[PDB]
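Student: Chains as they are written, first to last, in PDB author numbering: chain B, 1 to 429; chain L, 1 to 211; chain H, 1 to 225; chain A, 1 to 558.
Ideal placement from N, C-alpha and C gives every residue a C-beta, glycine not left out.
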Amino acid sequence: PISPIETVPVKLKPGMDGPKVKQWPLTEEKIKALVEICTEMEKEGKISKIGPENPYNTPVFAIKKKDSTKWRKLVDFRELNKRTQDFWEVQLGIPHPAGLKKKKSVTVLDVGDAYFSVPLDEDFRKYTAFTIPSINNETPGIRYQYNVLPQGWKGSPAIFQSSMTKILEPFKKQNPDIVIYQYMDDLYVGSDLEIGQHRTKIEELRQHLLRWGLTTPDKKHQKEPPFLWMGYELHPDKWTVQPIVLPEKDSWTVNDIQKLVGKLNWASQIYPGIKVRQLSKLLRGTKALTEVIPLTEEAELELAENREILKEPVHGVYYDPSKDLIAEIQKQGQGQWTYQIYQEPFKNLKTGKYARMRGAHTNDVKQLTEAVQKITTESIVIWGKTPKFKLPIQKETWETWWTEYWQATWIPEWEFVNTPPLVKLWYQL
Amino acid sequence: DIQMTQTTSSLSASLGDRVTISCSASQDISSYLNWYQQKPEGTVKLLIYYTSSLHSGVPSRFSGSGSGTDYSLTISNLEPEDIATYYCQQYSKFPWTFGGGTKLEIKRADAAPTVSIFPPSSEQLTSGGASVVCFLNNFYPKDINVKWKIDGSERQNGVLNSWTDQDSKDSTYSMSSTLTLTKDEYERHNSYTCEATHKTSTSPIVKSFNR
Amino acid sequence: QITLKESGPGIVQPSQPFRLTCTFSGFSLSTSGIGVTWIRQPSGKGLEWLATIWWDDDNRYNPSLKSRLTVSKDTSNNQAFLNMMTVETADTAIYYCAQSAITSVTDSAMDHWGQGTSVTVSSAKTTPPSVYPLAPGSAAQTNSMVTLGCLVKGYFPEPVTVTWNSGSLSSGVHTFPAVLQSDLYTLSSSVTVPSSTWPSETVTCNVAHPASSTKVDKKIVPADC
Amino acid sequence: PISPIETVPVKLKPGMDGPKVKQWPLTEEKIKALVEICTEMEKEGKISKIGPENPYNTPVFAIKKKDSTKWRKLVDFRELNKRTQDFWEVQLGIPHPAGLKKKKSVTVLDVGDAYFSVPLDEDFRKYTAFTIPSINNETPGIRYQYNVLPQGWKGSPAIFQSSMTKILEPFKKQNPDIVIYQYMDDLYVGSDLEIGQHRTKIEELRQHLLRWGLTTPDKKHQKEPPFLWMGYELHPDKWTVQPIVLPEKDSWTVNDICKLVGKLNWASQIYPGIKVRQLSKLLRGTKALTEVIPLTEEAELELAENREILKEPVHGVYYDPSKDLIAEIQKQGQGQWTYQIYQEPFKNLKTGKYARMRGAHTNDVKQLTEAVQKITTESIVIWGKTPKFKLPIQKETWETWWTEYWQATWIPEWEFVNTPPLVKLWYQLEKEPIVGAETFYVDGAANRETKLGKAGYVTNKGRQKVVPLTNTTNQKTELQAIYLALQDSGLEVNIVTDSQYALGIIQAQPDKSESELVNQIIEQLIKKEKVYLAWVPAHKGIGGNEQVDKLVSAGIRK
DNA sequence: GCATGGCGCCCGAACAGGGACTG
DNA sequence: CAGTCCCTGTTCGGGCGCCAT
Ligand SMILES: [Mg+2]
Ligand SMILES: [Mg+2]
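Have a look at this one:
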């Protein structure tokens, strides 16, 4: 019975019932884990066994974080999260650090347990129920539900936000420079000190916390070769928007003209100062493609002119925190991926290109997921909200392995799309 | 226990030249190799880290290269400070390992050993001991070969040797060699010979004496 | 501004422990990437790795000696130590302590080194050297240059300071590295001068051996019979 | 007896009330019949006589089991089920023999009265009320309420399942090295102990359930392979699927097919390649459920081959942990695919077939991709591990696929098995415009309000063609244009469209579809030696187009 | 006036969402 | 653009096979 604190009420969005999502297959290696970490949570009684009588459900799976080599249970509370919401956006929204993006070194702390110490609203508990697969379906599933604020549920941080703001009041007053943001199960701490100092300061916060019972994971650092642990910190500076460009041909076959006509045409939607007529003229009659058309000075006049318009920020762009976020990803080629984050069609807030993780094993699924997580992390720092993903992949395939390479406490909202190479504008070069 | 090897042991070049040393691993150590410069005095400095990268304040005439198992250090064009031993360390898996080093010397017109043999100083003998010094001086190259023949018959016991580093001025080597016998054994023979087999004379240089 | 200095007992008795102290300045053993490594180098041989003590204390040992080695620190004083147990003659070498740092995802190097300490294993008891002159005879002097020698035999421990004519004579002089003869050091020096000077003008061997508070000279009197 | 197990609380679907459904009159034949059974039940505790204030009732008639001629109570819980809250069902998937490990000693059990042995929530019984009418219009019939788990009731299954799970709960923690495969109330127990220490456990268990109300009747197999479990027969070294006897009727009717197509499925899990895509399409269309149907020879071939396989007996093996898994895909008739999952040489763990054509226009890597994906998931479920693949499609082919595609993809560790039909894309667009061909500018258009429209092209050499079409739309016409140019052209050509639609469809390297147009548009591609398509934003001014546009815009509105 | 729950398969329908044309 | 249509993907329902009560 963890805390004397009085339970805060929550009621899912009107005319909407709780989650009734099925449990996807889990691989031994995960069940085993998912069991042990559920058996023990049951004893400390943060969780409680339950049977059929509870009509709701949500799925669970676990990921062995490479970050700490310690398995972490993960409940896909996206439906439930959606259902319940006057809560975390309107009622107890947690403000955003204008300047978290502005730091040069930010780290994420998994402050999940901090939650296992607050009683979950009495009535609202039927909703967080989940189940556990058994290999070869040897026995029925093992259902349970939460009694304390749950992990990865938009409500926790909102509810805990009170005690969290207290636990950090000191650290922040004694260290006014550091900036701290909380998004669900994580703590975003960013500084402007040398990396060596940051590491320290972060390692020191991991203390001030511990003095409060909030224990955070033990990220390991190996002394053999790939010093992966060197990338733990985020640096919102190599964060550079990637505008579009129009290649350069010494001479331009017919082909070359058209392609560049379309791109220039598409882009017109983004930036409205793109003209094509005085440039497309050079293509007037049904001619062979392979023909080396020469660039009029009337034409070239704008070819290089239009490009000048592609080297800058967009037209009266703004970010409305009241709308959802969307992100698009196009498998560009040989490990390369590019994306755009927008709320309104053709009025993006960002573009860029996740290059690649050298250990991408030449796996587009793996790389893709990683791009997602990556892109997701950015959105959180920058605007403080997760974007809905338009995933360049076939549902059924993505659903088969996204977990395997997933290494995050949260899960973003996604959908699938088969939309071929529209123009090459979403630029490859 | 990832064995690191530098084939070329002692390489000798000359000012102006451009040289390259070999460091071959035992496995694809994925460019996790570092280069070290030990100067004849004894201090060790860092040249290259991550097969090719340059440590701060290190001359540009320094380059690293290698991939998987074969790596090489390339000094653009020699100077007088580059002429010293070189080491490559592999940091891809403890235990860490270095090569066997590659001594970088200075090529100098070959010269022959200025042999000199000596009689067991009275006092040495006054106390019951007899050594027989024999200096081979300023020869080139290093690879020399001594031989101690007593009244013709070669001797094994009592023989000692000591080489010197390349002299930084006349670029040559020298070498003490001592025959330590007992006084009774010294006073039990008359002939003692020092023989110097160098890459200069088809005939060993000799010098000797009789008590 | 970074620097490291090995401290040691210089000479240790066979099968007894010794303890090297690496005192540094210019970085702490706290800053994340940092760590100290201990390299060894036997007389004339190549560099050998011993151990590296990291800031997290995930110290790693040379497998071939872990059973005897032991690494540690005192981060507050900026010192890092290395203890070796049951040392054998083979442990005689120059010990370096270097500042190793993991910079990035791919770079880890021992950026700065010390100068090392000379640890020698020998149950030999301090003893001064007996000097013997080397005057050529039986194939004696003519018009050119003659080579004069000087022998320093049976001393402990290193080193010895050998000069000719108290520094006066110093152009054609060769002092060779010593050698162990029955756990006792021996070595010679050869000085070469034109006949026009010797024997006409005295030539003396200046031998000094700190450890025994001794200083001795030996005149190179020419051969008699 | 009945169990000391705590009762699971079941409510009614929110806002509703119990079932108040009239009992229809029955024969004295049936009434006194029922009265027998109920009296029996009531004495056995399964039920109890209720008071008059209970307004609920659910029908209940009776029937005769011709063989015995004896009778059995049949309650119609239809209405309750409509008003009973819904549970989150626990049985997640049925087990499979391919997922068992050879255990020294083995036993199989079964509980008696399983449902009739688990207490029904005190507070819900009133709803399971039913009446057994009086012969005549006399005093009310005899009222009764349910006390145990009423069979034919929504909850019943799920509730007995959890109950059975909790009852085994302890015993398992005490003997963590015994496998207890529980299915409803069917317990298969196996362990590597000595037939003795085993019996001492087996017993020790029977006495643990008995203590809980679970009667473990003498319908338990001990040292009795073939063990008859879950529809199979477990043999020490191997397992057999209980004999499958397919209906071989003279004149096939729609419904009779389902009893065969299905049974065929059931066997697809052990018998290699059981192509059924054939006789399947029979049921296709919108058919009655007793309507007769002609056994097409196409369907005959399927039945022929299949009937053949089902003739030669076969066995499956048990799963060996260490020896990792292998899944081998085989290409079959169009759409069909087969696979045998194994670990050693030619011993099959299990086999199956996949033939779902995903999407309108697909091809053959895609299908294989999907094959592999579906096979994995199916193993994760039986062994909790992904298997190793042996696929008929060489590294070369694949390598090109994913690198060329704009959609992300992957396949796990796999080698190439040389065993045709092999899988490899059939055609291949061009990256750059080719010189030695006319650049055919295509297009087409249509008027919804008419169902008609034209489609054709204009080549750089002034050539032209414009066929007019009826009953088609823009996406039909624009995909039509591309067809011509792919006839009215050499072995090398550049085609230009404005339909991302038609363009997309193509780049995907389709190699089969539903519509013929795009089956023939495919045919032209496999035929030609070089093609390259480019795209341009129609209604933009781009020359090569305007020509074809206007040419096919003879009907732009009205 | 004939059961319930589970999984699979195969078919067809209603459904959802994106893109394209039209007055 | 508002109102509609085409096309493609997905979900769901219905019947069968199998398992059990
Ligand atoms: Mg049975
Ligand atoms: Mg058009």
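Using 10 angstroms around the beta-carbon of A/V245, count the other beta-carbons present and answer buried if the total reaches 16, otherwise exposed.
Tutor: Locating residue 245 of chain A in the fourth sequence gives position 245, counting from the first residue. Exposed is the call here.
Student: If the cut-off is 9 Å on Cβ atoms, which residues from the stretch 25-51 of chain L count as contacting chain B, listed in chain order?
Tutor: Under the 9 Å Cβ criterion, the stretch 25-51 of chain L contributes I29, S30 and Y32.
Student: Our contact map puts A/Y319 next to A/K101 with C-beta atoms below 8 Å; I'd like the distance itself, whole angstroms only.
Tutor: As a first step, residue 319 of chain A must be located in the fourth sequence, where it is residue number 319. As a first step, residue 101 of chain A must be located in the fourth sequence, where it is residue number 101. The pair is a contact, with the Cβ atoms about 6 Å apart (cut-off 8 Å).
Student: What is the DSSP secondary structure of H/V119, counted as helix, strand or coil?
Tutor: Here residue 119 of chain H corresponds to residue number 119 of the third sequence, with the count starting at 1. Correct three-state label for H/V119: strand.
Student: Could you please tell me which residues of the stretch 221-233 of chain B, in chain order, have their CB closer than 9 Å to any CB of chain L?
Tutor: Within the stretch 221-233 of chain B, the qualifying residues are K223, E224, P225 and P226.
Student: Does the beta-carbon of B/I180 have 16 or more other beta-carbons within 10 angstroms, so that it is buried, or is it exposed?
Tutor: Residue 180 of chain B sits at position 180 when you count from the first residue of the first sequence. So B/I180 counts as buried.
Student: Can you grab the Cα-Cα spacing for the pair L/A25 / H/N77, in whole Å?
Tutor: For the purposes of this step, residue 25 of chain L is taken as the residue at position 25 of the second sequence. For the purposes of this step, residue 77 of chain H is taken as the residue at position 77 of the third sequence. The straight-line gap from Cα to Cα measures roughly 38 Å.
Student: Is H/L47 close to chain L? Criterion is C-beta to C-beta, closer than 8 Å.
Tutor: The sequence position of residue 47 of chain H within the third sequence is 47, counting from 1. Closer than 8 Å to some Cβ of chain L, the Cβ of H/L47 qualifies, so yes.
Student: Around ligand 2, what residues have a beta-carbon under 6 Å from a heavy atom of it, in chain order?
Tutor: So the residues near ligand 2 by this Cβ test are A/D443, A/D498 and A/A538.
Student: Give the straight-line distance between the Cα atoms of B/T107 and L/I106, rounded to the nearest whole angstrom.
Tutor: Here residue 107 of chain B is taken as the residue at index 107 of the first sequence, counted from 1. Here residue 106 of chain L is taken as the residue at index 106 of the second sequence, counted from 1. One C-alpha to the other measures close to 54 Å.
Student: Looking only at its chain, what residues have a beta carbon closer than 7 Å to the beta carbon of residue 559 of chain A, apart from the 5 residues adjacent to it on each side?
Tutor: Any question about residue 559 of chain A goes unanswered here, given that chain A covers just 1 to 558.
Student: In terms of residues, what are the limits of the alpha helix (DSSP H) holding H/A124?
Tutor: Walking along the third sequence from the start, residue 124 of chain H turns up at place 124. Here H/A124 belongs to no alpha helix (DSSP H), and DSSP marks it neither H nor E.
Student: H/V71 CB to nearest chain B CB: under 8 Å?
Tutor: Locating residue 71 of chain H in the third sequence gives position 71, counting from the first residue. No, H/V71 does not count as interfacial toward chain B.
Student: So A/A445 and A/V552 are supposed to be a Cβ contact under 8 Å. How far apart are they, rounded?
Tutor: The sequence position of residue 445 of chain A within the fourth sequence is 445, counting from 1. The sequence position of residue 552 of chain A within the fourth sequence is 552, counting from 1. The Cβ separation is near 5 Å, so the contact holds.
Student: Quick one: list the residues of chain H neighbouring B/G196, beta-carbon separation under 8 Å, in chain order.
Tutor: One-based indexing of the first sequence puts residue 196 of chain B at position 196. Residues of chain H passing the Cβ test: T31, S32 and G33.
Student: Start and end of the beta strand (DSSP E) containing H/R19?
Tutor: Locating residue 19 of chain H in the third sequence gives position 19, counting from the first residue. H/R19 -> beta strand (DSSP E) spans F18 to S25.
Student: Please identify, using Cβ separations under 8 Å, the residues of the stretch 48-82 of chain H that lie next to chain B, in order along the chain.
Tutor: The residues in question are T52, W54, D56, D58 and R60.
Student: Just curious, the beta strand (DSSP E) that L/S177 is in, first and last residue?
Tutor: Counted from its first residue, the second sequence places residue 177 of chain L at position 177. Residues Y173 to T182.
Student: Within 8 Å of any Cβ in chain B, is that where the Cβ of A/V518 sits?
Tutor: Position 518 of the fourth sequence, counting from 1, holds the residue named residue 518 of chain A. Cβ-Cβ to chain B under 8 Å: no for A/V518.
Student: Check the DSSP bridge columns for L/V146 and list the partner residues they point to.
Tutor: Within the second sequence, numbered from 1, the residue matching residue 146 of chain L stands at position 146. Paired residues: L/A196.
Student: Does the distance from the CB of B/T131 to the CB of B/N57 come in under 8 Å?
Tutor: In the first sequence, counting from the first residue as 1, residue 131 of chain B sits at position 131. In the first sequence, counting from the first residue as 1, residue 57 of chain B sits at position 57. Cβ atoms of B/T131 and B/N57: closer than 8 Å.
Student: Specify which residues have a beta carbon nearer than 6 Å to any heavy atom of ligand 1, listing them in chain order.
Tutor: Chain-ordered list of matching residues: A/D110 and A/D186.
Student: Between L/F94 and chain B, is any beta-carbon pair separated by less than 8 Å?
Tutor: By one-based count along the second sequence, residue 94 of chain L stands at place 94. So, interface residue.
Student: If you count every other CB in all the chains shown that lies within 10 Å of the CB of L/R18, and 16 or more means buried, which is it?
Tutor: Here residue 18 of chain L refers to the residue found at position 18 of the second sequence. Per the 10 Å Cβ criterion, exposed.
Student: Rounded to whole angstroms, what's the CA-CA distance from A/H221 to A/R358? Just pull it up for me.
Tutor: Within the fourth sequence, residue 221 of chain A is the residue found at index 221, counting from 1. Within the fourth sequence, residue 358 of chain A is the residue found at index 358, counting from 1. Cα-Cα distance, rounded: 45 Å.
Student: Helix, strand or coil, according to DSSP, for A/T107 in the structure here?
Tutor: Along the fourth sequence, one-based indexing puts residue 107 of chain A at 107. DSSP places A/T107 in strand when its eight states are reduced to three.
Student: Which residues bound the beta strand (DSSP E) around H/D111?
Tutor: The residue labelled residue 111 of chain H in the question sits at position 111 within the third sequence. Run containing H/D111: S108 to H112, per the beta strand (DSSP E) assignment.
Student: Between which two residues does the alpha helix (DSSP H) holding A/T39 run?
Tutor: Counting from one through the fourth sequence, the residue named residue 39 of chain A turns up at place 39. From DSSP, the alpha helix (DSSP H) with A/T39 extends over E28 to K43.
Student: Contact between the stretch 188-207 of chain A and the stretch 242-260 of chain A: three or more CB pairs below 8 Å?
Tutor: The stretch 188-207 of chain A, when compared against the stretch 242-260 of chain A, does not touch it at the 8 Å Cβ threshold.
Student: What are the start and end residues of the alpha helix (DSSP H) that includes H/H209?
Tutor: By one-based count along the third sequence, residue 209 of chain H stands at place 209. No alpha helix (DSSP H) holds H/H209; the beta strand (DSSP E) holding it covers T204 to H209.
Student: Whose CA, out of H/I102, H/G46 and H/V121, lies closest to the CA of H/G8?
Tutor: Here residue 8 of chain H is taken as the residue at index 8 of the third sequence, counted from 1. The shortest Cα separation from H/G8 among H/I102, H/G46 and H/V121 belongs to H/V121.
Student: Residues in the stretch 362-375 of chain B with C-beta within 7 Å of chain A's C-beta atoms, listed in sequence order?
Tutor: Residues passing the 7 Å Cβ filter: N363, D364, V365 and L368.
Student: Closer than 8 Å by C-beta to A/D110: which residues in its own chain qualify, once you throw out the five before and the five after it? Chain order, please.
Tutor: Stepping through the fourth sequence from its first residue, residue 110 of chain A is reached at position 110. Once the five neighbours on either side are set aside, the close Cβ partners of A/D110 are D185, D186, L187, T216, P217, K219 and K220.
Student: Any C-beta of chain H sitting closer than 8 Å to the C-beta of B/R199?
Tutor: As a position in the first sequence, residue 199 of chain B is number 199, starting the count at 1. Cβ-Cβ to chain H under 8 Å: yes for B/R199.
Student: When burial is assigned at 16 or more other CB atoms within 10 Å of the CB, is B/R125 buried or exposed?
Tutor: Working through the first sequence from its first residue, we reach residue 125 of chain B at position 125. Under this definition B/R125 is a buried residue.
Student: Measure the C-alpha to C-alpha separation of H/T52 and B/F61 and round it to an integer number of angstroms.
Tutor: As a first step, residue 52 of chain H must be located in the third sequence, where it is residue number 52. As a first step, residue 61 of chain B must be located in the first sequence, where it is residue number 61. About 40 Å.
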